[PDB]
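Asks: If you read the protein sequences in the order shown, they are chains A, B and C.
Just so we're aligned, residue 11 is where the first sequence starts under the numbering used here, counting upward by one.
Just so we're aligned, residue 11 is where the second sequence starts under the numbering used here, counting upward by one.
Just so we're aligned, residue 11 is where the third sequence starts under the numbering used here, counting upward by one.
Ideal Cβ placement from N, Cα and C applies to all residues, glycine included.
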Amino acid sequence: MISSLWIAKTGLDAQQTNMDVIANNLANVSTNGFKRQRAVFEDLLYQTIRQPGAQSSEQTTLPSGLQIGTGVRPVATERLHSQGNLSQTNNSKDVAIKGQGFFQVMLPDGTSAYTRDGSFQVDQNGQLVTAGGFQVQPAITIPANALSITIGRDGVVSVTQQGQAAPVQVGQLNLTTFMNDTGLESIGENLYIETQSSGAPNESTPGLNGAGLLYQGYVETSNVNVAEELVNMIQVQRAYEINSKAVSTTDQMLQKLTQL
Amino acid sequence: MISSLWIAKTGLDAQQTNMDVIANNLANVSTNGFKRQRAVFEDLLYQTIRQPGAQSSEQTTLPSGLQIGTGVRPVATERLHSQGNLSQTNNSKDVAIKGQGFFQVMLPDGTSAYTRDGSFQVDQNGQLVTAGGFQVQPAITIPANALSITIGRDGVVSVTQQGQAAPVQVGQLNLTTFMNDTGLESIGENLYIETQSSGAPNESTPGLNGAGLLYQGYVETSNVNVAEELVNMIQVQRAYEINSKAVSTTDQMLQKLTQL
Amino acid sequence: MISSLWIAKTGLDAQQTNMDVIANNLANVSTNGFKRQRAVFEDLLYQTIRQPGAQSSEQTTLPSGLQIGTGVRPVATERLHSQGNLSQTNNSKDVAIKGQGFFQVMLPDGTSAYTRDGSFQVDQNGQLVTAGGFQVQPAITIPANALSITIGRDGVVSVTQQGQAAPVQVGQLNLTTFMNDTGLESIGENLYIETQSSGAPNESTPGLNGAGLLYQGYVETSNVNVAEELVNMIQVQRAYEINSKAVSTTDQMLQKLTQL
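What follows is the structure in structure tokens.
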């Protein structure tokens, strides 16, 4: 209708998207291994009426031409892959990560996923799963008669059989490092998958190739700064205020145009 | 949005970091060998509106030009290395340092760390470690036939055997001094590794070379005096409240500007 | 549009700048050496209609003619250069100043900066810097075997060498005073640079030529009176409410002028 109303409508969309991101970040506190999301905006087309160059006379040049511009297209959303605060959970099946790296997982479809959540489990077969039956990889089988499981900072997992006075080594839990942590696609279930923005996964032992270490009895908390989220909430609410006010102003302009 | 909103957001971040380090410091009260960590801040941009010079006439000078300023960027959370108190544990294997000095430790990964905590122990192979396999330099092996172990205030550790009534020295436990005691970076367990900001660690025997003294049967408590850090908490809490008040004031600001 | 709306616009802008200053002061509590800021306002033009003199008859004079006037232009923001509270940081590497004076610093561009911050640090080459490798003036190098670094109230820095029982004089730490402390142009980083309104810098040893003393082991706190900032913030919230009411009244006047 008016060139102003479309611009204000894009502004409403941008503030709504940013509030969506804030709400998702806010709600996923107390979700282990969650990475705060941050939306990055970017303006669309500038429809030019007079080119910024475009010499008018033989001496004049017309500095700073007239172009109007529209829109606030949300160009991306990054994800902050910083180390989350560890907390002492005192459970032997909670393993957290100190440094870059992801646990690998086999999805039921056969393709591989990745996750930074160590709140593991043992299923009715004794294998190592994660809250959804997702077999960690490479498969780790805990013998039935084990009384404890110890997962060292080197990822070398061993169990203590009854009777035998030895922690028989039951496997090695290795991490995976990507070149672009932010580029991983999130599929829910606190699981990521491979995509060409991430790059080829580099599987490695914890400690080497820049991978992290493993802390048994710790859980990695979501790095959601409540203070920043709340100030963002205030600002987004006020920006939505202002943009709806712009829509209202253009609407009144149009209605007085119509009345004539 | 509004300039004051951005500036107060930076302030809220800064005071949240203050209270975070204060809470971490309370988390380590009565834990021997802990140092009161402190945060050092830094102001960001100053938006110049009128230059403080800006000759406004042939002769007029306009002193104290107008400029606004933003933000409270925290440069660092530095590590205060000050002398703390000593408590009586009455253990010969627990040593406390009085004055300047750091305990040399050969890290299990093969590097060098230092700690102001001397609750050493003896392992199965005789190496002098302290709650985590922290071996000192030079390597000292306690004889297996030892009866009593005594560590002198000068850094000499010795053992006594059956029959012979002579306290033959078995090892030298010398201190390590830093030009900069603060720049050290922790690697956990109160171990701090040599850093480019700490200065060259000079290996010097206790008593001589301007080092401190060794107290046997004593342990160095954390320098976290409850009274001082409670005073800090009260002040920082006031700062946090007033900054949040500025944020809400800018909110009410904008709300009345929009109810316009 | 309407003269009322322009005058009120300037009023809103002035109150906004005042709130910006208050918010910057409020955020910068607990920032070492920070100086409070105060905004000085200044009304704009007075558009005369009947001249205040302007003899009407051959004997009468028309006292107090009619002139309308506009605007509240904020003319300046002075920086209160009063001494802050010293607090016992107990660090051998933090030195505050008692009285007038700034630590000169050589920027990477080479131009002379000045800081009232005593959180000095040492780089990998051993010298004295300030939290970012800003090489203090005059050139000072702490020897590698130095143990304790004392900064005398006279301003001489000396180090405790390896073995030798002498605190060898290793450098001089001398301040700079200006005729116009308020005129220094802040550039962030807790740094002030000379401007043509500050006056030429005068270099002298601490304690002399009017400069202040050096207090080793202390840090100077920002001289921000929190309650004063609170009262200022309440006042500016009221003023902004009032000016928004003025804008609303002018707008309603216009609206039923057009509805006419």
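Assuming residue 3/A contacts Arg83/A (C-beta within less than 8 angstroms), just tell me the rounded distance between them.
Replies: Chain A is shown only over 11 to 270; residue 3/A falls outside these bounds and no answer can be derived.
Asks: Pick from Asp23/B, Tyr56/B, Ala64/B: whose alpha carbon is nearest that of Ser208/C?
Replies: Minimum Cα distance to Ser208/C is reached at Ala64/B.
Asks: Following the continuous beta strand (DSSP E) through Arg89/A, name the residue where it begins and the one where it ends.
Replies: 84-89 is the span of the beta strand (DSSP E), which, as asked, contains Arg89/A.
Asks: By how many angstroms is the C-alpha of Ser40/A removed from the C-alpha of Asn200/A?
Replies: Using only the alpha carbons, I get a separation of about 13 angstroms.
Asks: Output the boundary residues of the alpha helix (DSSP H) element that contains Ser254/C.
Replies: Looking at the DSSP string, the run of the alpha helix (DSSP H) that includes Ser254/C is 236-269.
Asks: Closest to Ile78/C by CA distance: which of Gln25/C, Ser13/C, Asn184/C, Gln174/C is it?
Replies: Minimum Cα distance to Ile78/C is reached at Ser13/C.
Asks: Are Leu138/C and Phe130/C touching if we call contact CB-CB under 7 angstroms?
Replies: Contact: yes.
Asks: Going straight from the alpha carbon of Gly111/A to that of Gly227/A, what length do you get?
Replies: The alpha-carbon atoms of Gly111/A and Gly227/A are separated by roughly 18 angstroms.
Asks: Pull up the distance between the alpha-carbon of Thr99/B and that of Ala106/B, whole angstroms please.
Replies: The alpha-carbon atoms of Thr99/B and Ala106/B are separated by roughly 10 angstroms.
Asks: Per the DSSP calculation, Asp104/C is bridged to which residue(s)?
Replies: DSSP, once it has assigned bridges, lists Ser129/C as partnering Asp104/C.
Asks: If you draw a straight line from the C-alpha of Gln57/B to the C-alpha of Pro148/A, how long is it?
Replies: In a straight line, the C-alpha of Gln57/B is about 56 angstroms away from that of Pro148/A.
Asks: Where do the ends of the alpha helix (DSSP H) carrying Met29/C lie?
Replies: Segment 13-37, the alpha helix (DSSP H) holding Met29/C.
Asks: Under 7 angstroms, Cβ to Cβ, is there at least one residue of chain B near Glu195/A?
Replies: It does not: the Cβ of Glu195/A has no partner Cβ on chain B nearer than 7 angstroms.
Asks: Classify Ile59/B: buried if its beta carbon has 16 or more other beta carbons within 10 angstroms, exposed otherwise.
Replies: The residue in question, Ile59/B, is exposed, as its Cβ has fewer than 16 Cβ neighbours within 10 Å.
Asks: Along the chain, where does the beta strand (DSSP E) that runs through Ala141/A open and close?
Replies: From DSSP, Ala141/A is part of no beta strand (DSSP E); its letter is neither H nor E.
Asks: At the level of alpha carbons, what is the spacing between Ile32/C and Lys19/B?
Replies: Their Cα atoms are separated by approximately 13 angstroms.
Asks: Go through its chain and collect everything with a Cβ distance to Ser232/B's Cβ below 8 angstroms, but skip five positions before and after it.
Replies: Excluding residues within five positions, the ones whose Cβ falls inside 8 angstroms are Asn38, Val39, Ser40, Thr41, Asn42, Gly43, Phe44, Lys45, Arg46, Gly94.
Asks: Closer than 7 angstroms, CB to CB, is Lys255/B near chain A or not?
Replies: Not an interface residue.
Asks: Which word fits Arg248/C, buried or exposed, when buried means at least 16 other C-beta atoms lie within 10 angstroms of its C-beta?
Replies: Exposed is the call here.
Asks: The stretch 108-131 of chain B: which residues have C-beta closer than 9 angstroms to a C-beta of chain C, in chain order?
Replies: Going along the stretch 108-131 of chain B in chain order, one finds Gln110 with a Cβ nearer than 9 angstroms to chain C.
Asks: Using a Cβ-Cβ cut-off of less than 8 angstroms, list which residues of the stretch 139-170 of chain A approach chain B; keep chain order.
Replies: Flagged: no residues at all.
Asks: Between which residues of its own chain and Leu54/C is the CB-CB distance below 6 angstroms, once the five residues before and five after are set aside?
Replies: The residues are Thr80, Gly81, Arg83.
Asks: Along the stretch 216-243 of chain B, what residues have a CB closer than 7 angstroms to any CB found in chain A?
Replies: Residues passing the 7 angstroms Cβ filter: none.
Asks: With three or more beta-carbon pairs closer than 8 angstroms as the criterion, would you say the stretch 162-170 of chain B touches the stretch 209-218 of chain B?
Replies: Enough Cβ pairs lie closer than 8 angstroms, so yes.
Asks: Which chain B residues are close to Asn212/C, counting only those with a beta carbon under 9 angstroms from its beta carbon?
Replies: Chain B residues near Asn212/C: none, gap ~17 angstroms exceeds 9 angstroms.
Asks: Should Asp104/C and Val229/C be called a contact, given that it needs their Cβ atoms to be closer than 7 angstroms?
Replies: Yes.
Asks: Closer than 7 angstroms between beta carbons: that is the criterion. Which residues of the stretch 171-193 of chain C meet it against chain B?
Replies: Answer set for the stretch 171-193 of chain C: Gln172, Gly173, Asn190, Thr192, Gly193.
Asks: Are there 16 or more other CB atoms within 10 angstroms of the CB of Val246/C, so buried, or fewer, so exposed?
Replies: Looking at its Cβ environment, which holds 16 or more other Cβ atoms inside 10 Å, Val246/C is buried.
Asks: Are any of the Cβ atoms in chain B nearer than 7 angstroms to that of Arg248/A?
Replies: Yes, contact with chain B.
Asks: Step through the CB atoms of chain B and report whether any lies within less than 7 angstroms of the CB of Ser92/C.
Replies: So no, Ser92/C is outside the interface.
Asks: Name, in chain order, the residues that DSSP records as bridge partners for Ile161/A.
Replies: For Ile161/A, which the question treats as bridged, DSSP gives the partners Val167/A.
Asks: What are the start and end residues of the beta strand (DSSP E) that includes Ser214/C?
Replies: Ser214/C -> beta strand (DSSP E) spans 212-214.
Asks: Does DSSP put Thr187/C in a helix, in a strand, or in coil?
Replies: Of the three classes helix, strand and coil, the one that applies to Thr187/C here is strand, per DSSP.
Asks: Roughly how many angstroms lie between the CA atoms of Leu194/B and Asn28/B, to the nearest whole one?
Replies: Each residue's Cα considered, the two are about 20 angstroms apart.
Asks: Determine, using beta carbons only, whether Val178/B and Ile152/B come nearer to each other than 7 angstroms.
Replies: Going by C-beta atoms, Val178/B is not nearer than 7 angstroms to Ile152/B.
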